[PDB]
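These numbers come from the heavy atoms of this one structure, side chains and all, not from hydrogens, waters or symmetry mates. Note on naming: letters A, B, ... go to the chains in the order of the sequence lines (proteins, then strands), and numbering restarts at 1 for each one.
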Amino acid sequence: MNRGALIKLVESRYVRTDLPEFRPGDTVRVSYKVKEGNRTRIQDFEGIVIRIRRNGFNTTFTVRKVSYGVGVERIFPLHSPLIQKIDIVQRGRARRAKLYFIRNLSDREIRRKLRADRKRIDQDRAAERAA
Amino acid sequence: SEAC
Amino acid sequence: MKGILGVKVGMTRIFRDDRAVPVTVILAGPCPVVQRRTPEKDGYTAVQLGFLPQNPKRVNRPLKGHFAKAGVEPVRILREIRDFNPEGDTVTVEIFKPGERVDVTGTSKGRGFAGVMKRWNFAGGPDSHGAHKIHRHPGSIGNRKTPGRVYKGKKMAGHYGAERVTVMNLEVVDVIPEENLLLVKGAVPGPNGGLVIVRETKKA
Amino acid sequence: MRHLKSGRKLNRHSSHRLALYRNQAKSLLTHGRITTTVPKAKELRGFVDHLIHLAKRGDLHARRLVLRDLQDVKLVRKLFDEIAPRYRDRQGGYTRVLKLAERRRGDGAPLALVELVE
Amino acid sequence: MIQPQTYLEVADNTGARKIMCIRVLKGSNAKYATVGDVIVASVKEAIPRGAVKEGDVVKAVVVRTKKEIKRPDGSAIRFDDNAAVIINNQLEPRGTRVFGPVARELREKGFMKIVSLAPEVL
Amino acid sequence: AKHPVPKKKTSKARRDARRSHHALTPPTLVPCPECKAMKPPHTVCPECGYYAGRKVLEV
RNA sequence: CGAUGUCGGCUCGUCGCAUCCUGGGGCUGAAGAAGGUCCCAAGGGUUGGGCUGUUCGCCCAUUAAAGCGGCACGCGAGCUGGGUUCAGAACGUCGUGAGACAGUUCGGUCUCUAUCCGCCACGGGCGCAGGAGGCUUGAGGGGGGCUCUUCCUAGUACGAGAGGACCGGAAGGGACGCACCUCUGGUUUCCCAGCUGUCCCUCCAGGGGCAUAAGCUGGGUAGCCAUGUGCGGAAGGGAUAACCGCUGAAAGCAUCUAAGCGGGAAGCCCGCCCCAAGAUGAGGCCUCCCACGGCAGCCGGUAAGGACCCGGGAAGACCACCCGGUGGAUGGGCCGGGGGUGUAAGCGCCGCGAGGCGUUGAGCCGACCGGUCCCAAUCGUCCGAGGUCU
RNA sequence: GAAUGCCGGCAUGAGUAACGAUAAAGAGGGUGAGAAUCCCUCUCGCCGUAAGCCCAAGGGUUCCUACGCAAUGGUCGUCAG
RNA sequence: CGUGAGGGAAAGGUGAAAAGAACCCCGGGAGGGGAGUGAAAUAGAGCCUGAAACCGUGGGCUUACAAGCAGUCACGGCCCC
Ligand SMILES: [Mg+2]
Ligand SMILES: [Mg+2]
Ligand SMILES: [Mg+2]
Ligand SMILES: [Mg+2]
Ligand SMILES: [Mg+2]
Ligand SMILES: [Mg+2]
Ligand SMILES: [Mg+2]
Ligand SMILES: [Mg+2]
Ligand SMILES: [Mg+2]
Ligand SMILES: [Mg+2]
Ligand SMILES: [Mg+2]
Ligand SMILES: [Mg+2]
Ligand SMILES: [Mg+2]
Ligand SMILES: [Mg+2]
Ligand SMILES: [Mg+2]
Ligand SMILES: [Mg+2]
Ligand SMILES: [Mg+2]
Ligand SMILES: [Mg+2]
Ligand SMILES: [Mg+2]
Ligand SMILES: [Mg+2]
Ligand SMILES: [Mg+2]
Ligand SMILES: [Mg+2]
Ligand SMILES: [Mg+2]
Ligand SMILES: [Mg+2]
Ligand SMILES: [Mg+2]
Ligand SMILES: [Mg+2]
Ligand SMILES: [Mg+2]
Ligand SMILES: [Mg+2]
Ligand SMILES: [Mg+2]
Ligand SMILES: [Mg+2]
Ligand SMILES: [Mg+2]
Ligand SMILES: [Mg+2]
Ligand SMILES: [Mg+2]
Ligand SMILES: [Mg+2]
Ligand SMILES: [Mg+2]
Ligand SMILES: [Mg+2]
Ligand SMILES: [Mg+2]
Ligand SMILES: [Mg+2]
Ligand SMILES: [Mg+2]
Ligand SMILES: [Mg+2]
Ligand SMILES: [Mg+2]
Ligand SMILES: [Mg+2]
Ligand SMILES: [Mg+2]
Ligand SMILES: [Mg+2]
Ligand SMILES: [Mg+2]
Ligand SMILES: [Mg+2]
Ligand SMILES: [Mg+2]
Ligand SMILES: [Mg+2]
Ligand SMILES: [Mg+2]
Ligand SMILES: [Mg+2]
Ligand SMILES: [Mg+2]
Ligand SMILES: [Mg+2]
Ligand SMILES: [Mg+2]
Ligand SMILES: [Mg+2]
Ligand SMILES: [Mg+2]
Ligand SMILES: [Mg+2]
Ligand SMILES: [Mg+2]
Ligand SMILES: [Mg+2]
Ligand SMILES: [Mg+2]
Ligand SMILES: [Mg+2]
Ligand SMILES: [Mg+2]
Ligand SMILES: [Mg+2]
Ligand SMILES: [Mg+2]
Ligand SMILES: [Mg+2]
Ligand SMILES: [Mg+2]
Ligand SMILES: [Mg+2]
Ligand SMILES: [Mg+2]
Ligand SMILES: [Mg+2]
Ligand SMILES: [Mg+2]
Ligand SMILES: [Mg+2]
Ligand SMILES: [Mg+2]
Ligand SMILES: [Mg+2]
Ligand SMILES: [Mg+2]
Ligand SMILES: [Mg+2]
Ligand SMILES: [Mg+2]
Ligand SMILES: [Mg+2]
Ligand SMILES: [Mg+2]
Ligand SMILES: [Mg+2]
Ligand SMILES: [Mg+2]
Ligand SMILES: [Mg+2]
Ligand SMILES: [Mg+2]
Ligand SMILES: [Mg+2]
Ligand SMILES: [Mg+2]
Ligand SMILES: [Mg+2]
Ligand SMILES: [Mg+2]
Ligand SMILES: [Mg+2]
Ligand SMILES: [Mg+2]
Ligand SMILES: [Mg+2]
Ligand SMILES: [Mg+2]
Ligand SMILES: [Mg+2]
Ligand SMILES: [Mg+2]
Ligand SMILES: [Mg+2]
Ligand SMILES: [Mg+2]
Ligand SMILES: [Mg+2]
Ligand SMILES: [Mg+2]
Ligand SMILES: [Mg+2]
Ligand SMILES: [Mg+2]
Ligand SMILES: [Mg+2]
Ligand SMILES: [Mg+2]
Ligand SMILES: [Mg+2]
Ligand SMILES: [Mg+2]
Ligand SMILES: [Mg+2]
Ligand SMILES: [Mg+2]
Ligand SMILES: [Mg+2]
Ligand SMILES: [Mg+2]
Ligand SMILES: [Mg+2]
Ligand SMILES: [Mg+2]
Ligand SMILES: [Mg+2]
Ligand SMILES: [Mg+2]
Ligand SMILES: [Mg+2]
Ligand SMILES: [Mg+2]
Ligand SMILES: [Mg+2]
Ligand SMILES: [Mg+2]
Ligand SMILES: [Mg+2]
Ligand SMILES: [Mg+2]
Ligand SMILES: [Mg+2]
Ligand SMILES: [Mg+2]
Ligand SMILES: [Mg+2]
Ligand SMILES: [Mg+2]
Ligand SMILES: [Mg+2]
Ligand SMILES: [Mg+2]
Ligand SMILES: [Mg+2]
Ligand SMILES: [Mg+2]
Ligand SMILES: [Mg+2]
Ligand SMILES: [Mg+2]
Ligand SMILES: [Mg+2]
Ligand SMILES: [Mg+2]
Ligand SMILES: [Mg+2]
Ligand SMILES: [Mg+2]
Ligand SMILES: [Mg+2]
Ligand SMILES: [Mg+2]
Ligand SMILES: [Mg+2]
Ligand SMILES: [Mg+2]
Ligand SMILES: [Mg+2]
Ligand SMILES: [Mg+2]
Ligand SMILES: [Mg+2]
Ligand SMILES: [Mg+2]
Ligand SMILES: [Mg+2]
Ligand SMILES: [Mg+2]
Ligand SMILES: [Mg+2]
Ligand SMILES: [Mg+2]
Ligand SMILES: [Mg+2]
Ligand SMILES: [Mg+2]
Ligand SMILES: [Mg+2]
Ligand SMILES: [Mg+2]
Ligand SMILES: [Mg+2]
Ligand SMILES: [Mg+2]
Ligand SMILES: [Mg+2]
Ligand SMILES: [Mg+2]
Ligand SMILES: [Mg+2]
Ligand SMILES: [Mg+2]
Ligand SMILES: [Mg+2]
Ligand SMILES: [Mg+2]
Ligand SMILES: [Mg+2]
Ligand SMILES: [Mg+2]
Ligand SMILES: [Mg+2]
Ligand SMILES: [Mg+2]
Ligand SMILES: [Mg+2]
Ligand SMILES: [Mg+2]
Ligand SMILES: [Mg+2]
Ligand SMILES: [Mg+2]
Ligand SMILES: [Mg+2]
Ligand SMILES: [Mg+2]
Ligand SMILES: [Mg+2]
Ligand SMILES: [Mg+2]
Ligand SMILES: [Mg+2]
Ligand SMILES: [Mg+2]
Ligand SMILES: [Mg+2]
Ligand SMILES: [Mg+2]
Ligand SMILES: [Mg+2]
Ligand SMILES: [Mg+2]
Ligand SMILES: [Mg+2]
Ligand SMILES: [Mg+2]
Ligand SMILES: [Mg+2]
Ligand SMILES: [Mg+2]
Ligand SMILES: [Mg+2]
Ligand SMILES: [Mg+2]
Ligand SMILES: [Mg+2]
Ligand SMILES: [Mg+2]
Ligand SMILES: [Mg+2]
Ligand SMILES: [Mg+2]
Ligand SMILES: [Mg+2]
Ligand SMILES: [Mg+2]
Ligand SMILES: [Mg+2]
Ligand SMILES: [Mg+2]
Ligand SMILES: [Mg+2]
Ligand SMILES: [Mg+2]
Ligand SMILES: [Mg+2]
Ligand SMILES: [Mg+2]
Ligand SMILES: [Mg+2]
Ligand SMILES: [Mg+2]
Ligand SMILES: [Mg+2]
Ligand SMILES: [Mg+2]
Ligand SMILES: [Mg+2]
Ligand SMILES: [Mg+2]
Ligand SMILES: [Mg+2]
Ligand SMILES: [Mg+2]
Ligand SMILES: [Mg+2]
Ligand SMILES: [Mg+2]
Ligand SMILES: [Mg+2]
Ligand SMILES: [Mg+2]
Ligand SMILES: [Mg+2]
Ligand SMILES: [Mg+2]
Ligand SMILES: [Mg+2]
Ligand SMILES: [Mg+2]
Ligand SMILES: [Mg+2]
Ligand SMILES: [Mg+2]
Ligand SMILES: [Mg+2]
Ligand SMILES: [Mg+2]
Ligand SMILES: [Mg+2]
Ligand SMILES: [Mg+2]
Ligand SMILES: [Mg+2]
Ligand SMILES: [Mg+2]
Ligand SMILES: [Mg+2]
Ligand SMILES: [Mg+2]
Ligand SMILES: [Mg+2]
Ligand SMILES: [Mg+2]
Ligand SMILES: [Mg+2]
Ligand SMILES: [Mg+2]
Ligand SMILES: [Mg+2]
Ligand SMILES: [Mg+2]
Ligand SMILES: [Mg+2]
Ligand SMILES: [Mg+2]
Ligand SMILES: [Mg+2]
Ligand SMILES: [Mg+2]
Ligand SMILES: [Mg+2]
Ligand SMILES: [Mg+2]
Ligand SMILES: [Mg+2]
Ligand SMILES: [Mg+2]
Ligand SMILES: [Mg+2]
Ligand SMILES: [Mg+2]
Ligand SMILES: [Mg+2]
Ligand SMILES: [Mg+2]
Ligand SMILES: [Mg+2]
Ligand SMILES: [Mg+2]
Ligand SMILES: [Mg+2]
Ligand SMILES: [Mg+2]
Ligand SMILES: [Mg+2]
Ligand SMILES: [Mg+2]
Ligand SMILES: [Mg+2]
Ligand SMILES: [Mg+2]
Ligand SMILES: [Mg+2]
Ligand SMILES: [Mg+2]
Ligand SMILES: [Mg+2]
Ligand SMILES: [Mg+2]
Ligand SMILES: [Mg+2]
Ligand SMILES: [Mg+2]
Ligand SMILES: [Mg+2]
Ligand SMILES: [Mg+2]
Ligand SMILES: [Mg+2]
Ligand SMILES: [Mg+2]
Ligand SMILES: [Mg+2]
Ligand SMILES: [Mg+2]
Ligand SMILES: [Mg+2]
Ligand SMILES: [Mg+2]
Ligand SMILES: [Mg+2]
Ligand SMILES: [Mg+2]
Ligand SMILES: [Mg+2]
Ligand SMILES: [Mg+2]
Ligand SMILES: [Mg+2]
Ligand SMILES: [Mg+2]
Ligand SMILES: [Mg+2]
Ligand SMILES: [Mg+2]
Ligand SMILES: [Mg+2]
Ligand SMILES: [Mg+2]
Ligand SMILES: [Mg+2]
Ligand SMILES: [Mg+2]
Ligand SMILES: [Mg+2]
Ligand SMILES: [Mg+2]
Ligand SMILES: [Mg+2]
Ligand SMILES: [Mg+2]
Ligand SMILES: [Mg+2]
Ligand SMILES: [Mg+2]
Ligand SMILES: [Mg+2]
Ligand SMILES: [Mg+2]
Ligand SMILES: [Mg+2]
Ligand SMILES: [Mg+2]
Ligand SMILES: [Mg+2]
Ligand SMILES: [Mg+2]
Ligand SMILES: [Mg+2]
Ligand SMILES: [Mg+2]
Ligand SMILES: [Mg+2]
Ligand SMILES: [Mg+2]
Ligand SMILES: [Mg+2]
Ligand SMILES: [Mg+2]
Ligand SMILES: [Mg+2]
Ligand SMILES: [Mg+2]
Ligand SMILES: [Mg+2]
Ligand SMILES: [Zn+2]
């Protein structure tokens, strides 16, 4: 037996390929399916990706956003079926895989340390020019 | 012991 | 009452109705029947099951004779499931349907010689305020001249884990007949690659 | 507990165990065969195989990589121009460990030879 | 994960600024309060002429926690502070405004009034 | 601690009984297929230097 | 008195029941709800904090409840040392004085090694009439045993109103317990990077040592883990306690009883989980070997088998246990993947320069999932039945 | 036969605690009846207001060389105060 | 041993005579085995006699379901004379 393959076989039903690639430091918007008492609506969450912990189907990622004065961190399974879609808002450039340190930075300090990732901004704009 |  | 011999594979979580469901994946069957314990012969009702094929050049003559009376290949493991007389001569995952509750028996992980804090959740001693080399010690173990001794079954240090453990009433999340797979919500005793026994539940 | 923890400690702290493997590496690549105790020999197979493998690759990067362990350019030159070519078609297994029949007199230690393979 | 001695910010206009939890009103001996649980607490700092003063023993419901709370969809949410809203014995808010986001768990636990006064439910 | 101490001297019976697990086992030895000398298994012969058919060490 | 360490606390339990809560009852000055009093009941439970050395007690916030006692006022060869209980000092008091005070005040040396019993774990030996490899029965033990909130029934019964059920039925919590690592969250002593001072390689570039037994800092697989996850307390059957009966005399009536028969507890038995035939009363089933050679015995060669040795293991202090040993994937190497880190070196271009950009998600890379005989488990040895008597 | 008697001998605890700073080791080559421990080389680590050098007390041949290994050295010893 | 005044041990025996064991053997030595001396060599210098505790080797009887101040009384089994 190959035990690793069997887990990968159980997981294949639930893997997604519709979601666009992103990186810690990018600003991202997650359109997320929510249940509010009776109905179920779609609530968008937009902030900076601070962490991506990889494990194949079990990979997750963490988004941080300020909301009416308070910091809110929100953790998302990458292959969650509740995620309607993910839309890139901005490419940022980090120098390390985890961005915990920005929790202690001012707004200006963050801006100066996570600058636009012009190289990948170009790759996005280069594509999407599909015809 | 200090049995005092 | 029905059961099967399995292999613990690993853990994952699937999604069912917008909820995350942790699971343990178990490679249960297929288990051929090798011998039947009858009240006329042995005194009780059970099935002896085989599991995992074995190198026939690795199974001595006493065991080969046993496999020959049932006309089966050599199997690595032989275990009995009591009070189960299946119709066929082979037992596969399809005796379980999704939604049934099962009990699973495996051999827990072995901590070797375990201190009383890890073995029995004792409180140890303080870590400052004068505490003198008793930081993880059991404390007192008795009284004085009456009874002048220590109770049997006293909780003390010693080996821990690598013991038979059954967890009971686990929900079967899915069955995949094509791969001899059995999904089960929650945690199962032992390490990945450990043998496990899956039985229909006894909680009503 | 120790479940699934790879590698030996050899009653040496972290800097001392590393220097131990490097010195054994220098002496094995220098003499072709050495004698140590059995546990040290077993652990030397991997530390040396890796350097020999990178020496098969042959780039400047590989050479700078090996020099972090071996430190002696002549020894590295010898590993690149004489040792390495002997193993162009060999996929692992560049070293072998055989056990000797008698123990060291002062402490009982079982001994073993460790050598580069033909 | 709020326990006795834990300080909490005050996410309302009651007048209290900081409260110190003294009890987890959940059973005989709950170790920890989370989002949607009620505590008893002492008002450690107030603004002058508010509805509550320093040294008042009040009730409040926890609306934000720094320990991240998990969810059945497999996700989680985590705030920067520990915040609560002061209630009376009918779980209704004793102030008229609610500052900052609150968790969606409060809805299930029957604190609908705070939820609607909240500027964002996450 | 309070210096635990032997309460009674051990008798010759008990002292010797404790040692019932002290005998040495004789060394495991097999003949060398090349020179027929008695040697431990899985070691190079220390008399003719052979292992696994071929010569390995000088002796 | 050739010494039985002395208060309180901490840790660790265990027992009694005159029961604090939870279960079952009778009486009530019991309408309902909620109480009072007494009976049965020891299975489980019986919280966190302020003050004091305190025990105790009061107080805060809870709670189903915040029970009372025993075990050398349980437990100092288990810990503490606040008090008490030497030597210093001082206050009030007493004494001419030296000094004195269950009066107060500040300070004050608590001893590495367990021989026997006992306890927790783990082996060695022999036994279980032939010898073996498997799979099991369960005598007998151990674990477990808690409990609250809301909703529906129904704003119904009951009650002027306030208030507000039994029985039955759902949902969700607290604390405890066993297992687990998919998620959340730790660790991750060298898996990756960044930084300083210094010495060194080899001058630049690039690196190595030391700054801890990681120099420092930012991260971090597997494993081990709780703060995280799954599951458990039952259900059910049986016999009972207090208590309530049916039928029914002695005693024409009455009587739960003298003959007989019911109902009835979180408690008792079984049922659930675990250990278990040294259960010497040493059990049972399947399968394998077999009448070998020399004066219930004897000593040698074999049998089925086992051990020795070796490669290892989420097994482990040693021992044991489990897997493998060339008809082999057991460890090491190598390769593919996962994973961590976060774009190596070198070269090219831009800048006076610190640097920046591209090559490039590169380079490095523990343990995880697999592949591959490249390296090492070579070659072997030694035990091992001929089955006692009616 | 006893005086926790006196002197001496030998037991038990036990192959048990310990073998005296956690600055640290590895290999090769020699010597020799015998080598983790002596000699030589290379690598590694530790002190460097010393763990380096020179005086004075105190000690009194311990200095140098050859030949030695019973005892002394907390192991070993071919080395050595 | 004590700065010092001062304190203050242990330790006798080959044989009549050294005839004190040439020489060979294993062993680095120590030690031993022969040969030889002697009336005698468990008189061989670690030496007259050589008690006891204590240690070991060999043999007889006995012991792994059993409760003990260890003995004693009885009977039986085995071994010896
Ligand atoms: Mg499969
Ligand atoms: Mg996996
Ligand atoms: Mg922002
Ligand atoms: Mg920048
Ligand atoms: Mg910057
Ligand atoms: Mg860019
Ligand atoms: Mg895993
Ligand atoms: Mg499904
Ligand atoms: Mg099993
Ligand atoms: Mg196990
Ligand atoms: Mg575990
Ligand atoms: Mg272990
Ligand atoms: Mg402990
Ligand atoms: Mg435990
Ligand atoms: Mg445990
Ligand atoms: Mg613990
Ligand atoms: Mg504690
Ligand atoms: Mg404590
Ligand atoms: Mg603690
Ligand atoms: Mg400590
Ligand atoms: Mg102390
Ligand atoms: Mg102390
Ligand atoms: Mg201590
Ligand atoms: Mg300490
Ligand atoms: Mg006592
Ligand atoms: Mg006591
Ligand atoms: Mg007693
Ligand atoms: Mg075990
Ligand atoms: Mg268990
Ligand atoms: Mg359930
Ligand atoms: Mg298992
Ligand atoms: Mg197995
Ligand atoms: Mg451990
Ligand atoms: Mg450890
Ligand atoms: Mg491994
Ligand atoms: Mg050590
Ligand atoms: Mg050490
Ligand atoms: Mg060492
Ligand atoms: Mg050691
Ligand atoms: Mg270091
Ligand atoms: Mg060597
Ligand atoms: Mg060595
Ligand atoms: Mg490697
Ligand atoms: Mg080059
Ligand atoms: Mg070998
Ligand atoms: Mg050996
Ligand atoms: Mg030696
Ligand atoms: Mg030695
Ligand atoms: Mg505010
Ligand atoms: Mg606010
Ligand atoms: Mg005010
Ligand atoms: Mg104030
Ligand atoms: Mg005030
Ligand atoms: Mg309020
Ligand atoms: Mg709203
Ligand atoms: Mg003590
Ligand atoms: Mg102590
Ligand atoms: Mg002590
Ligand atoms: Mg002692
Ligand atoms: Mg005595
Ligand atoms: Mg003794
Ligand atoms: Mg005696
Ligand atoms: Mg005796
Ligand atoms: Mg004896
Ligand atoms: Mg003994
Ligand atoms: Mg012993
Ligand atoms: Mg022996
Ligand atoms: Mg006395
Ligand atoms: Mg005495
Ligand atoms: Mg006495
Ligand atoms: Mg005393
Ligand atoms: Mg005494
Ligand atoms: Mg005493
Ligand atoms: Mg305490
Ligand atoms: Mg008690
Ligand atoms: Mg009573
Ligand atoms: Mg009641
Ligand atoms: Mg009651
Ligand atoms: Mg009333
Ligand atoms: Mg009532
Ligand atoms: Mg009543
Ligand atoms: Mg009554
Ligand atoms: Mg009770
Ligand atoms: Mg009680
Ligand atoms: Mg205070
Ligand atoms: Mg207190
Ligand atoms: Mg008190
Ligand atoms: Mg008291
Ligand atoms: Mg008092
Ligand atoms: Mg009540
Ligand atoms: Mg009350
Ligand atoms: Mg209290
Ligand atoms: Mg008491
Ligand atoms: Mg009590
Ligand atoms: Mg008493
Ligand atoms: Mg008393
Ligand atoms: Mg008293
Ligand atoms: Mg006491
Ligand atoms: Mg005490
Ligand atoms: Mg003490
Ligand atoms: Mg005490
Ligand atoms: Mg005591
Ligand atoms: Mg004591
Ligand atoms: Mg004690
Ligand atoms: Mg005592
Ligand atoms: Mg203790
Ligand atoms: Mg004191
Ligand atoms: Mg006082
Ligand atoms: Mg006065
Ligand atoms: Mg007077
Ligand atoms: Mg007077
Ligand atoms: Mg006076
Ligand atoms: Mg006084
Ligand atoms: Mg007093
Ligand atoms: Mg007094
Ligand atoms: Mg007084
Ligand atoms: Mg006082
Ligand atoms: Mg005073
Ligand atoms: Mg005092
Ligand atoms: Mg002081
Ligand atoms: Mg003190
Ligand atoms: Mg000590
Ligand atoms: Mg003992
Ligand atoms: Mg002890
Ligand atoms: Mg005793
Ligand atoms: Mg014992
Ligand atoms: Mg045994
Ligand atoms: Mg039998
Ligand atoms: Mg048999
Ligand atoms: Mg068997
Ligand atoms: Mg039977
Ligand atoms: Mg059984
Ligand atoms: Mg039973
Ligand atoms: Mg018994
Ligand atoms: Mg119960
Ligand atoms: Mg209603
Ligand atoms: Mg009705
Ligand atoms: Mg009402
Ligand atoms: Mg109900
Ligand atoms: Mg309990
Ligand atoms: Mg546990
Ligand atoms: Mg686990
Ligand atoms: Mg994992
Ligand atoms: Mg984790
Ligand atoms: Mg994590
Ligand atoms: Mg390492
Ligand atoms: Mg490295
Ligand atoms: Mg440097
Ligand atoms: Mg140089
Ligand atoms: Mg440079
Ligand atoms: Mg560079
Ligand atoms: Mg250096
Ligand atoms: Mg240094
Ligand atoms: Mg430091
Ligand atoms: Mg470093
Ligand atoms: Mg971390
Ligand atoms: Mg780190
Ligand atoms: Mg990890
Ligand atoms: Mg991890
Ligand atoms: Mg992990
Ligand atoms: Mg774990
Ligand atoms: Mg927890
Ligand atoms: Mg009646
Ligand atoms: Mg009647
Ligand atoms: Mg009548
Ligand atoms: Mg009757
Ligand atoms: Mg009845
Ligand atoms: Mg009944
Ligand atoms: Mg119940
Ligand atoms: Mg069993
Ligand atoms: Mg048996
Ligand atoms: Mg059994
Ligand atoms: Mg018998
Ligand atoms: Mg019998
Ligand atoms: Mg029998
Ligand atoms: Mg019996
Ligand atoms: Mg049997
Ligand atoms: Mg072992
Ligand atoms: Mg091992
Ligand atoms: Mg051993
Ligand atoms: Mg071992
Ligand atoms: Mg062995
Ligand atoms: Mg076995
Ligand atoms: Mg087996
Ligand atoms: Mg085998
Ligand atoms: Mg073989
Ligand atoms: Mg084999
Ligand atoms: Mg392999
Ligand atoms: Mg395989
Ligand atoms: Mg491999
Ligand atoms: Mg290994
Ligand atoms: Mg890779
Ligand atoms: Mg990858
Ligand atoms: Mg990756
Ligand atoms: Mg990668
Ligand atoms: Mg670049
Ligand atoms: Mg580059
Ligand atoms: Mg560069
Ligand atoms: Mg230029
Ligand atoms: Mg840059
Ligand atoms: Mg490297
Ligand atoms: Mg590599
Ligand atoms: Mg192949
Ligand atoms: Mg052979
Ligand atoms: Mg007398
Ligand atoms: Mg004496
Ligand atoms: Mg005397
Ligand atoms: Mg005497
Ligand atoms: Mg004397
Ligand atoms: Mg004396
Ligand atoms: Mg003496
Ligand atoms: Mg004498
Ligand atoms: Mg004496
Ligand atoms: Mg002596
Ligand atoms: Mg003796
Ligand atoms: Mg002795
Ligand atoms: Mg002695
Ligand atoms: Mg001894
Ligand atoms: Mg030993
Ligand atoms: Mg030893
Ligand atoms: Mg001992
Ligand atoms: Mg020991
Ligand atoms: Mg000692
Ligand atoms: Mg030791
Ligand atoms: Mg010492
Ligand atoms: Mg030393
Ligand atoms: Mg030091
Ligand atoms: Mg040392
Ligand atoms: Mg230093
Ligand atoms: Mg250092
Ligand atoms: Mg070396
Ligand atoms: Mg060396
Ligand atoms: Mg050396
Ligand atoms: Mg050497
Ligand atoms: Mg040579
Ligand atoms: Mg040496
Ligand atoms: Mg030597
Ligand atoms: Mg040395
Ligand atoms: Mg030297
Ligand atoms: Mg070298
Ligand atoms: Mg300097
Ligand atoms: Mg300087
Ligand atoms: Mg030093
Ligand atoms: Mg002198
Ligand atoms: Mg001299
Ligand atoms: Mg000497
Ligand atoms: Mg010597
Ligand atoms: Mg010598
Ligand atoms: Mg001499
Ligand atoms: Mg000496
Ligand atoms: Mg010596
Ligand atoms: Mg010494
Ligand atoms: Mg010599
Ligand atoms: Mg000298
Ligand atoms: Mg003197
Ligand atoms: Mg004196
Ligand atoms: Mg003198
Ligand atoms: Mg004197
Ligand atoms: Mg004499
Ligand atoms: Mg004479
Ligand atoms: Mg004469
Ligand atoms: Mg001569
Ligand atoms: Mg000669
Ligand atoms: Mg010779
Ligand atoms: Mg000779
Ligand atoms: Mg010599
Ligand atoms: Mg001689
Ligand atoms: Mg001899
Ligand atoms: Mg002689
Ligand atoms: Mg003669
Ligand atoms: Mg003689
Ligand atoms: Mg004589
Ligand atoms: Mg004589
Ligand atoms: Mg004479
Ligand atoms: Mg004599
Ligand atoms: Mg004598
Ligand atoms: Mg004698
Ligand atoms: Mg004698
Ligand atoms: Mg002897
Ligand atoms: Mg004997
Ligand atoms: Mg004998
Ligand atoms: Mg007997
Ligand atoms: Mg019996
Ligand atoms: Mg017997
Ligand atoms: Mg007996
Ligand atoms: Mg007697
Ligand atoms: Mg008798
Ligand atoms: Mg008689
Ligand atoms: Zn040979």
Selection: residues 12-19 of chain F, any non-hydrogen atom under 4.0 Å of RNA chain H: F:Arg15, F:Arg18, F:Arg19

Those residues of residues 107-115 of chain C lying under 4.0 Å from RNA chain H by at least one heavy atom: none

Ring-centre distance below 5.5 Å and interplanar angle below 30°, I:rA30 vs I:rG31: yes

5′-ward residue of the pair D:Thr36/D:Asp107 relative to RNA chain H: D:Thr36

A:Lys98 atom NZ: more than 12 heavy-atom contacts under 6.0 Å: yes

D:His16 ring over H:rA24 six-membered base ring, under 5.5 Å and 30°: yes

G:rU137 pyrimidine/purine six-ring stacking with C:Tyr44, under 5.5 Å and 30°: no

G:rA66 glycosidic torsion: syn (within 90° of 0) vs anti: anti

Donor-acceptor pair (no angle test) under 3.5 Å: A:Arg54 side chain, G:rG340 base: no

Plane angle bin for A:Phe57 and A:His79 - parallel if under 30°, tilted between 30 and 60°, otherwise perpendicular: parallel

Salt-bridge contact D:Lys26-D:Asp69 (side-chain N to carboxylate O under 4.0 Å): no

Salt bridge D:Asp59-D:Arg57, side-chain N to carboxylate O under 4.0 Å: yes

Range-with-range stems of RNA chain H (Watson-Crick or G-U pairs under 3.5 Å, three or more in a row): H:25-30 with H:38-43

Per D:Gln24 side chain, nearest of listed nucleotides G:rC286, H:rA27, G:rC112: H:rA27

Nucleotide nearest D:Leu4 (side chain, heavy atoms from C-beta), chosen from G:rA314, G:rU229, G:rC119: G:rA314

Positive for side-chain hydrogen bond (donor to acceptor under 3.5 Å, both in side chains) with D:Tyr94, one of D:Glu118, D:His50, D:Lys56: D:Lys56

